[PDB]
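Report on the structure given below.
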Amino acid sequence: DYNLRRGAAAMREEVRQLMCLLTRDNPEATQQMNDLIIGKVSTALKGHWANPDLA
Amino acid sequence: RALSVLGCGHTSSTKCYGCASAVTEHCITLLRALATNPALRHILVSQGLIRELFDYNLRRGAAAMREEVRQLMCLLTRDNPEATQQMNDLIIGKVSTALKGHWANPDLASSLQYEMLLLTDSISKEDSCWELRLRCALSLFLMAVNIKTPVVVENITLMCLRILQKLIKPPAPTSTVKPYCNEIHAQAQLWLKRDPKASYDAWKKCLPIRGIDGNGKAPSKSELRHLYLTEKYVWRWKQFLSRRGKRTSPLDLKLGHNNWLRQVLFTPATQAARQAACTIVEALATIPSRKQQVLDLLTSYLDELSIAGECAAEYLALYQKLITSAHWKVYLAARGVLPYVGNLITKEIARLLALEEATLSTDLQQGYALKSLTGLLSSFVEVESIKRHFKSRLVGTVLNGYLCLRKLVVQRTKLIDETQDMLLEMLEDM
Amino acid sequence: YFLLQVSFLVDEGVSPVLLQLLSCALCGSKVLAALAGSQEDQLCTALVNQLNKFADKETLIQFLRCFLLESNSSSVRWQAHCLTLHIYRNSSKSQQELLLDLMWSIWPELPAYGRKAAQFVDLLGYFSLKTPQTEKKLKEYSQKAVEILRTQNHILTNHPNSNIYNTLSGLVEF
Amino acid sequence: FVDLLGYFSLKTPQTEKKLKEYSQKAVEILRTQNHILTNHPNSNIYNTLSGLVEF
Amino acid sequence: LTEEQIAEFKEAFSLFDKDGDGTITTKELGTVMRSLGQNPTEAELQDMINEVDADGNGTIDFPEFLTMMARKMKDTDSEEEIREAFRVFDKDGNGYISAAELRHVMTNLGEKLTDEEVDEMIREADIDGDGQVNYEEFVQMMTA
Amino acid sequence: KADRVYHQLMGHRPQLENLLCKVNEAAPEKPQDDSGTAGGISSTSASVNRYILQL
Amino acid sequence: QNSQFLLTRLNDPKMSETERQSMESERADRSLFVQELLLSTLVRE
Ligand SMILES: [Ca+2]
Ligand SMILES: [Ca+2]
């Protein structure tokens, strides 16, 4: 929710690596992040033409 | 025509994004022309033009084209309940969904930027449908104020406050109902729920017409007592009818002292929101009983001034403006505002003392709350009767404050010096 | 009628002079045409009635697309705008409806002319709201306008480099 | 400082109770800072400027 | 009345105590009452301000203000004025108030109610359903 | 002195917020050929959004 | 200037004196309604 999009690009890539580490060999953890991404994509697609902030 | 058929003028190429946008602009101009005719306007709304304009044409094109699209949508919804209800619902859906995970998706800055400008321009259009538009505005305002995120405040709450301010304080007139003194005959929870019991028509029906008081040269002493009795027991008749449950229940002029009012009066996101809230409260202060209630609200919020420091400049200006008459100064003094401000000054000076022995943290506004509280106390003391009745009770706190301020050496700020001088003047005067 | 019909086989350089002659005939913007009492207006109405008696719908359609749409010279387009506006004003109800129908027939072909169409659209809109018209054809005109809008909106949305143009319009001034 | 902390936190064999305590402390500080940044008065300004202008 | 209350009345009375042109003292005392914790309707305020005209600027003494408030206090009830109400509500003498004079009172106040609303009001007041309302029913509603 | 320079720094805040709102509108304002060319405005800079440049 | 375009010239302001008074009264009543609405919004639950 918070650390994925804020900070320097190196900090963003470190946050992504940290999440990937948290979801390593953890079926519950990996599922959570996967579902978050799915929901985000779906709501953005709900109005990709309506809202061009999808990217 | 044979030569013209062979070749004449020039044509655009296929997939011409530029010319395709030019044709879109021509369509917008033509539709703005057609929408003028009411029958054509209804036909276009029935076509589904509002949704198309909302989804696609609101955000693309030159800024002049965007404002023309917004005007076109306003024209379609003008004096059109079905169209205006639909547009208001679209606005709520797009704004409400953005509030969800606003921290997760900060695009809000530009996402609702256009939807809320549509609501603002719509409110500007004056029509009987104004009710649904005001409903949408109030709902969005409350939702966004429940949020402290500046991105959310500065967009949604700021445009909602501006809409409410332009509605409450109408563009100055260039050429009918008075509220009950002790009651609020309108309801907000019911009105937002589209209940026909609470509405502008029903509300305006509830209150009496202003009419003409007359009796310019007629004392009407007997008539004054008569009207007193009839008013009192007619209100009693309605109150009893309502507790039996056969009539809608009016609302009592009473506030919680921790409402969105303070939340906005103090908003570090921008002064715009604070200034709009100050204007709204100043316009709510039209009626003397409502003046009393908002004065109680503000003197309760007084603590948030100390909390927020220099962000409360607008609230301070509003509060001093509302009590510029010694009448309301004396009223507040009777309620006990003077001990409250004295305790606040003592607490602020103690906090400075506590920081004096702590780290040497330099602050530019250090003492704005202290200076403002002392200015309020001086303004109250500048009335003779309050001075007479509260000299013995304020001498102790002024002495303690001045003595504790004299201890300050490292944290002594220009504002602290002005506060100490004001306390000295007050003490000499006491 | 022959001056218009000739204005078909002439260059865009000769077009304005013929258009200005037609304007002095329809008491249009002769001064504007050059730059780009009651009996007199009676003669103007007589001349437009004579032209409508001669000018079939095909030639009317042809010059209306030729000068209002394919001119490529805004000055000739304004001359045609003034000429057609005065033609419609000085015409009676039947020719007014017929001219409005012809321009609404040209309306679907608008995407091929882009910006040039501006003046054309003007007249269309004005006429569409100036002629008392039946509900059926009002709905037809509205449907045509909204259909063109939907087509252009879908084209812009699905355009291969729509994302690029949107983002650049957001950032660098182009 | 943080460097040493992290290293030590993963270098000393430690009980589950204090492991949970250390994790809770770290995530609590992260939550506090995230809320501070999200609700910061000029957070919108800094986010937008970081987006557009180099500084 | 406990001293605690008379002391509070004197406190605000002394705080608002002021003199000048017109009848400021009357206005100052109306503000005292509202400050004390009892807000009278604009009509009540005007009535009391008139109900005190002993000296210039509506001179009011603390005993005088005590007398003023003692009459209504919290305005909880006043069967004496409730009878006077029935006397007024019933424009023609007294006996039984009717919808006509009820709507007359409503207009004199400045409220416009549809005859249908007036009928609702009279149906509520009447108990024996004789189309008439006496103190028995006026008082009943005022104490309902 | 700090009080004074404080006012100047925070005095720009409102103007900066205005520039932010204007850029967020993302309007295609074609480069305006201002008669005054005394300022060293390169073609690339002129191409860069003026709101962006003003910010 | 901008008078060449008929469509832009279309907008016609027209507003009468008694209807001025009625509209101003409507604005005042709407303002009062919004004031009561916000005050009822602030009322403690
Ligand atoms: Ca009777
Ligand atoms: Ca009876």
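Every chain in the structure tokens has a letter given in the order shown (A, B, ...), and although residue numbers restart at 1 in each chain, ligands are simply numbered from 1 in the order shown.
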
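Neighbours of residue 5 (chain D) closer than or equal to 12 Å, with only C-alpha atoms counted and sequence neighbours fewer than 4 positions away skipped, come out as residues 1, 9, 10, 11, 12, 22, 23 and 26 of chain D.
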
Define the interface residues of chain A facing chain B as those within 9 Å, counting only C-alpha atoms, and report them as a PyMOL selection string.
-> chain A and resi 1-2+4-5+47+49-53

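Any residue of chain B with an atom within 6 Å of chain F counts; using only C-alpha atoms, that gives residues 62, 63, 110 and 364 of chain B.
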
Could you please extract the residues within 10 Å of ligand 1, counting only C-alpha atoms and all ligand atoms, and hand them back as a PyMOL selection string?
-> chain E and resi 89-101+132-134

Restrict the calculation to only C-alpha atoms and all ligand atoms, then for each residue of chain E with any atom at most 9 Å from an atom of ligand 2 give the closest atom pair and their distance in Å to one decimal, rows by chain and rising residue number, as JSON lines.
```
{"residue": "E:96", "atom": "CA", "partner": "ligand 2", "partner_atom_place_in_ligand_line": "1 (Ca)", "distance": 7.9}
{"residue": "E:125", "atom": "CA", "partner": "ligand 2", "partner_atom_place_in_ligand_line": "1 (Ca)", "distance": 8.5}
{"residue": "E:126", "atom": "CA", "partner": "ligand 2", "partner_atom_place_in_ligand_line": "1 (Ca)", "distance": 5.5}
{"residue": "E:127", "atom": "CA", "partner": "ligand 2", "partner_atom_place_in_ligand_line": "1 (Ca)", "distance": 5.7}
{"residue": "E:128", "atom": "CA", "partner": "ligand 2", "partner_atom_place_in_ligand_line": "1 (Ca)", "distance": 5.0}
{"residue": "E:129", "atom": "CA", "partner": "ligand 2", "partner_atom_place_in_ligand_line": "1 (Ca)", "distance": 6.3}
{"residue": "E:130", "atom": "CA", "partner": "ligand 2", "partner_atom_place_in_ligand_line": "1 (Ca)", "distance": 5.6}
{"residue": "E:131", "atom": "CA", "partner": "ligand 2", "partner_atom_place_in_ligand_line": "1 (Ca)", "distance": 7.1}
{"residue": "E:132", "atom": "CA", "partner": "ligand 2", "partner_atom_place_in_ligand_line": "1 (Ca)", "distance": 5.1}
{"residue": "E:133", "atom": "CA", "partner": "ligand 2", "partner_atom_place_in_ligand_line": "1 (Ca)", "distance": 4.7}
{"residue": "E:134", "atom": "CA", "partner": "ligand 2", "partner_atom_place_in_ligand_line": "1 (Ca)", "distance": 5.7}
{"residue": "E:135", "atom": "CA", "partner": "ligand 2", "partner_atom_place_in_ligand_line": "1 (Ca)", "distance": 8.6}
{"residue": "E:136", "atom": "CA", "partner": "ligand 2", "partner_atom_place_in_ligand_line": "1 (Ca)", "distance": 7.1}
{"residue": "E:137", "atom": "CA", "partner": "ligand 2", "partner_atom_place_in_ligand_line": "1 (Ca)", "distance": 6.2}
```

Generate the output file for the selected residues, N, CA, C and O atoms, as a PDB file, in the first residue's frame.
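The new file again.pdb reads:
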```
ATOM      1  N   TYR E  96     -64.528  26.863  23.460  1.00  0.00           N
ATOM      2  CA  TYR E  96     -63.981  25.796  22.576  1.00  0.00           C
ATOM      3  C   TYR E  96     -63.204  26.430  21.420  1.00  0.00           C
ATOM      4  O   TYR E  96     -63.798  27.206  20.640  1.00  0.00           O
ATOM      5  N   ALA E 125     -55.892  17.329  18.775  1.00  0.00           N
ATOM      6  CA  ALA E 125     -56.291  17.988  20.042  1.00  0.00           C
ATOM      7  C   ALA E 125     -57.587  17.377  20.584  1.00  0.00           C
ATOM      8  O   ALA E 125     -57.624  17.045  21.785  1.00  0.00           O
ATOM      9  N   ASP E 126     -58.619  17.276  19.740  1.00  0.00           N
ATOM     10  CA  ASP E 126     -59.945  16.784  20.210  1.00  0.00           C
ATOM     11  C   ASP E 126     -59.817  15.351  20.736  1.00  0.00           C
ATOM     12  O   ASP E 126     -59.133  14.535  20.080  1.00  0.00           O
ATOM     13  N   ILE E 127     -60.452  15.062  21.877  1.00  0.00           N
ATOM     14  CA  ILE E 127     -60.403  13.692  22.472  1.00  0.00           C
ATOM     15  C   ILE E 127     -61.772  13.019  22.284  1.00  0.00           C
ATOM     16  O   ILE E 127     -61.802  11.871  21.790  1.00  0.00           O
ATOM     17  N   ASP E 128     -62.855  13.712  22.650  1.00  0.00           N
ATOM     18  CA  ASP E 128     -64.220  13.119  22.553  1.00  0.00           C
ATOM     19  C   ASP E 128     -64.718  13.212  21.105  1.00  0.00           C
ATOM     20  O   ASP E 128     -65.841  12.733  20.836  1.00  0.00           O
ATOM     21  N   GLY E 129     -63.921  13.811  20.214  1.00  0.00           N
ATOM     22  CA  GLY E 129     -64.297  13.897  18.789  1.00  0.00           C
ATOM     23  C   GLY E 129     -65.627  14.600  18.602  1.00  0.00           C
ATOM     24  O   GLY E 129     -66.439  14.113  17.788  1.00  0.00           O
ATOM     25  N   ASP E 130     -65.850  15.703  19.322  1.00  0.00           N
ATOM     26  CA  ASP E 130     -67.104  16.491  19.161  1.00  0.00           C
ATOM     27  C   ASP E 130     -66.846  17.656  18.201  1.00  0.00           C
ATOM     28  O   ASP E 130     -67.763  18.487  18.020  1.00  0.00           O
ATOM     29  N   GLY E 131     -65.650  17.707  17.605  1.00  0.00           N
ATOM     30  CA  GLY E 131     -65.294  18.824  16.708  1.00  0.00           C
ATOM     31  C   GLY E 131     -64.969  20.067  17.514  1.00  0.00           C
ATOM     32  O   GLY E 131     -64.822  21.145  16.901  1.00  0.00           O
ATOM     33  N   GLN E 132     -64.862  19.927  18.838  1.00  0.00           N
ATOM     34  CA  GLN E 132     -64.586  21.087  19.723  1.00  0.00           C
ATOM     35  C   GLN E 132     -63.402  20.755  20.644  1.00  0.00           C
ATOM     36  O   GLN E 132     -63.231  19.567  20.982  1.00  0.00           O
ATOM     37  N   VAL E 133     -62.618  21.766  21.033  1.00  0.00           N
ATOM     38  CA  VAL E 133     -61.483  21.534  21.978  1.00  0.00           C
ATOM     39  C   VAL E 133     -61.616  22.509  23.158  1.00  0.00           C
ATOM     40  O   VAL E 133     -61.606  23.731  22.912  1.00  0.00           O
ATOM     41  N   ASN E 134     -61.735  21.983  24.381  1.00  0.00           N
ATOM     42  CA  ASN E 134     -61.845  22.838  25.598  1.00  0.00           C
ATOM     43  C   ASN E 134     -60.525  22.743  26.370  1.00  0.00           C
ATOM     44  O   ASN E 134     -59.651  21.962  25.936  1.00  0.00           O
ATOM     45  N   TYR E 135     -60.379  23.496  27.466  1.00  0.00           N
ATOM     46  CA  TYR E 135     -59.160  23.376  28.307  1.00  0.00           C
ATOM     47  C   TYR E 135     -58.899  21.895  28.540  1.00  0.00           C
ATOM     48  O   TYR E 135     -57.747  21.447  28.391  1.00  0.00           O
ATOM     49  N   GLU E 136     -59.953  21.139  28.859  1.00  0.00           N
ATOM     50  CA  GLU E 136     -59.806  19.688  29.138  1.00  0.00           C
ATOM     51  C   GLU E 136     -58.887  19.046  28.087  1.00  0.00           C
ATOM     52  O   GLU E 136     -58.080  18.172  28.468  1.00  0.00           O
ATOM     53  N   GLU E 137     -59.004  19.462  26.823  1.00  0.00           N
ATOM     54  CA  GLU E 137     -58.197  18.853  25.733  1.00  0.00           C
ATOM     55  C   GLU E 137     -56.989  19.750  25.417  1.00  0.00           C
ATOM     56  O   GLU E 137     -55.911  19.198  25.106  1.00  0.00           O
TER      57      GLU E 137
END
```

Counting only C-alpha atoms, chain D residues within 6 Å of chain B, as a count of residues only = 3

Closest pair table for chain D residues within 10 Å of chain F, only C-alpha atoms, as a Markdown table:
```
| residue | atom | partner | partner_atom | distance |
| --- | --- | --- | --- | --- |
| D:42 | CA | F:13 | CA | 9.1 |
| D:44 | CA | F:17 | CA | 9.1 |
| D:45 | CA | F:17 | CA | 6.9 |
| D:48 | CA | F:20 | CA | 7.1 |
| D:49 | CA | F:20 | CA | 8.0 |
| D:52 | CA | F:52 | CA | 7.4 |
| D:53 | CA | F:52 | CA | 7.7 |
```

Using backbone DSSP assignments, extract all alpha helix (DSSP H) residues from chain E; output them as number ranges by chain.
-> E: 3-16, 24-36, 42-50, 62-72, 79-89, 99-109, 115-125, 135-143

Dump C-alpha atoms for the selected residues as an mmCIF file, in the first residue's frame?
```cif
data_model
loop_
_atom_site.group_PDB
_atom_site.id
_atom_site.type_symbol
_atom_site.label_atom_id
_atom_site.label_comp_id
_atom_site.auth_asym_id
_atom_site.auth_seq_id
_atom_site.Cartn_x
_atom_site.Cartn_y
_atom_site.Cartn_z
ATOM 1 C CA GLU E 3 -28.595 30.074 46.287
ATOM 2 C CA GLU E 4 -26.266 28.302 43.791
ATOM 3 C CA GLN E 5 -28.748 29.490 41.102
ATOM 4 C CA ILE E 6 -29.393 33.074 42.377
ATOM 5 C CA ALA E 7 -25.564 33.484 42.601
ATOM 6 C CA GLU E 8 -25.147 32.378 38.940
ATOM 7 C CA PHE E 9 -27.941 34.818 37.918
ATOM 8 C CA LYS E 10 -26.205 37.700 39.766
ATOM 9 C CA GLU E 11 -22.801 36.697 38.259
ATOM 10 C CA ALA E 12 -24.020 37.029 34.626
ATOM 11 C CA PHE E 13 -26.307 39.980 35.540
ATOM 12 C CA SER E 14 -23.273 41.885 36.933
ATOM 13 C CA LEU E 15 -21.068 40.813 33.960
ATOM 14 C CA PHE E 16 -23.602 42.039 31.324
ATOM 15 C CA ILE E 24 -29.534 48.354 26.347
ATOM 16 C CA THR E 25 -30.073 47.026 29.894
ATOM 17 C CA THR E 26 -33.071 45.063 28.491
ATOM 18 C CA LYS E 27 -30.843 43.629 25.676
ATOM 19 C CA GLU E 28 -27.987 42.996 28.167
ATOM 20 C CA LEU E 29 -30.413 41.038 30.442
ATOM 21 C CA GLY E 30 -31.831 39.026 27.527
ATOM 22 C CA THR E 31 -28.222 38.050 26.793
ATOM 23 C CA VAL E 32 -27.757 37.220 30.532
ATOM 24 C CA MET E 33 -30.743 34.802 30.388
ATOM 25 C CA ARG E 34 -29.324 33.074 27.256
ATOM 26 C CA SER E 35 -25.851 33.024 28.920
ATOM 27 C CA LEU E 36 -27.360 31.525 32.138
ATOM 28 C CA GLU E 42 -37.215 36.022 19.996
ATOM 29 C CA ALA E 43 -40.916 36.505 20.911
ATOM 30 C CA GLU E 44 -40.284 35.609 24.602
ATOM 31 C CA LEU E 45 -37.330 38.077 24.656
ATOM 32 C CA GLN E 46 -39.422 40.935 23.165
ATOM 33 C CA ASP E 47 -42.276 40.189 25.639
ATOM 34 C CA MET E 48 -39.983 40.255 28.725
ATOM 35 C CA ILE E 49 -38.142 43.410 27.470
ATOM 36 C CA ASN E 50 -41.568 45.112 27.235
ATOM 37 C CA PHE E 62 -31.195 42.098 40.305
ATOM 38 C CA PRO E 63 -34.384 41.674 42.453
ATOM 39 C CA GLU E 64 -36.317 42.920 39.373
ATOM 40 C CA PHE E 65 -34.621 40.292 37.114
ATOM 41 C CA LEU E 66 -35.270 37.631 39.795
ATOM 42 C CA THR E 67 -38.973 38.637 39.687
ATOM 43 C CA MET E 68 -38.894 38.429 35.841
ATOM 44 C CA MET E 69 -37.427 34.874 35.792
ATOM 45 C CA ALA E 70 -39.508 33.691 38.805
ATOM 46 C CA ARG E 71 -42.638 34.130 36.598
ATOM 47 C CA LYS E 72 -41.593 31.516 33.970
ATOM 48 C CA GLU E 79 -51.480 26.266 33.585
ATOM 49 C CA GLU E 80 -52.293 29.938 34.410
ATOM 50 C CA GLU E 81 -50.920 31.088 30.999
ATOM 51 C CA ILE E 82 -52.203 27.812 29.407
ATOM 52 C CA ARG E 83 -55.712 29.071 30.356
ATOM 53 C CA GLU E 84 -54.707 32.525 28.981
ATOM 54 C CA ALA E 85 -53.483 30.611 25.888
ATOM 55 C CA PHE E 86 -56.914 28.956 25.481
ATOM 56 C CA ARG E 87 -58.325 32.493 25.990
ATOM 57 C CA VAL E 88 -56.149 33.755 23.063
ATOM 58 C CA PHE E 89 -56.221 30.565 20.897
ATOM 59 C CA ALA E 99 -59.749 25.320 13.363
ATOM 60 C CA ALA E 100 -60.635 28.798 11.979
ATOM 61 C CA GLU E 101 -59.210 30.820 14.925
ATOM 62 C CA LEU E 102 -56.368 28.221 15.179
ATOM 63 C CA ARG E 103 -55.252 29.098 11.604
ATOM 64 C CA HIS E 104 -55.840 32.785 12.484
ATOM 65 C CA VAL E 105 -53.267 32.374 15.325
ATOM 66 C CA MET E 106 -50.961 30.504 12.885
ATOM 67 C CA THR E 107 -51.040 33.416 10.345
ATOM 68 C CA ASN E 108 -50.601 36.036 13.137
ATOM 69 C CA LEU E 109 -47.412 34.076 14.002
ATOM 70 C CA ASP E 115 -56.483 23.502 5.887
ATOM 71 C CA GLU E 116 -55.581 19.759 5.728
ATOM 72 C CA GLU E 117 -52.767 20.409 8.270
ATOM 73 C CA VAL E 118 -55.216 22.495 10.355
ATOM 74 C CA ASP E 119 -57.646 19.491 10.338
ATOM 75 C CA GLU E 120 -54.809 17.129 11.428
ATOM 76 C CA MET E 121 -53.987 19.518 14.324
ATOM 77 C CA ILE E 122 -57.661 19.737 15.485
ATOM 78 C CA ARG E 123 -58.193 15.922 15.183
ATOM 79 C CA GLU E 124 -55.090 15.449 17.410
ATOM 80 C CA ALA E 125 -56.291 17.988 20.042
ATOM 81 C CA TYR E 135 -59.160 23.376 28.307
ATOM 82 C CA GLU E 136 -59.806 19.688 29.138
ATOM 83 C CA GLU E 137 -58.197 18.853 25.733
ATOM 84 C CA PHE E 138 -56.010 21.990 25.270
ATOM 85 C CA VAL E 139 -54.454 21.374 28.728
ATOM 86 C CA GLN E 140 -54.260 17.615 27.912
ATOM 87 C CA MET E 141 -52.155 18.345 24.767
ATOM 88 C CA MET E 142 -50.003 20.950 26.621
ATOM 89 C CA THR E 143 -49.238 18.190 29.197
#
```

May I have the residues within 7 Å of residue 40 (chain G) as a ChimeraX atom specification, using only C-alpha atoms and disregarding those fewer than 6 positions away in the same chain?
-> /B:184,186-188

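One finds CA of residue 7 (chain G) at 6.3 Å from CA of residue 126 (chain C).
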
Please measure the separation of CA of residue 118 (chain B) and CA of residue 37 (chain B), giving the value in Å to one decimal.
->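 CA of residue 118 (chain B) sits 21.4 Å away from CA of residue 37 (chain B).
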
List every residue of chain D that has an atom at most 10 Å from any atom of chain A, and for each one report the closest atom pair and its distance in Å to one decimal, counting only C-alpha atoms, with rows sorted by chain and then by increasing residue number, as a Markdown table.
```
| residue | atom | partner | partner_atom | distance |
| --- | --- | --- | --- | --- |
| D:30 | CA | A:3 | CA | 9.5 |
| D:31 | CA | A:2 | CA | 9.3 |
| D:34 | CA | A:2 | CA | 6.6 |
| D:35 | CA | A:2 | CA | 8.7 |
| D:37 | CA | A:2 | CA | 9.2 |
| D:38 | CA | A:2 | CA | 7.9 |
| D:47 | CA | A:6 | CA | 7.5 |
| D:50 | CA | A:7 | CA | 8.7 |
| D:51 | CA | A:6 | CA | 10.0 |
```

Residues from last step as file, C-alpha atoms, as a CSV table (one decimal), in the first residue's frame:
```
chain,number,residue,atom,x,y,z
D,30,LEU,CA,7.7,1.2,9.6
D,31,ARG,CA,4.0,1.8,10.1
D,34,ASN,CA,4.4,5.4,6.7
D,35,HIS,CA,1.5,7.0,8.4
D,37,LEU,CA,4.6,10.4,5.3
D,38,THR,CA,1.1,9.7,4.1
D,47,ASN,CA,5.3,13.4,-4.3
D,50,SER,CA,9.6,14.0,-7.2
D,51,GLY,CA,7.4,12.9,-10.1
```

Report as a count of residues only the set of chain G residues whose atoms approach chain C to within 9 Å, with distances computed over only C-alpha atoms.
-> 6

Interatomic distance (Å, one decimal) between CA of residue 195 (chain B) and CA of residue 48 (chain B) =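 Rounded to one decimal, the two atoms are 27.6 Å apart.
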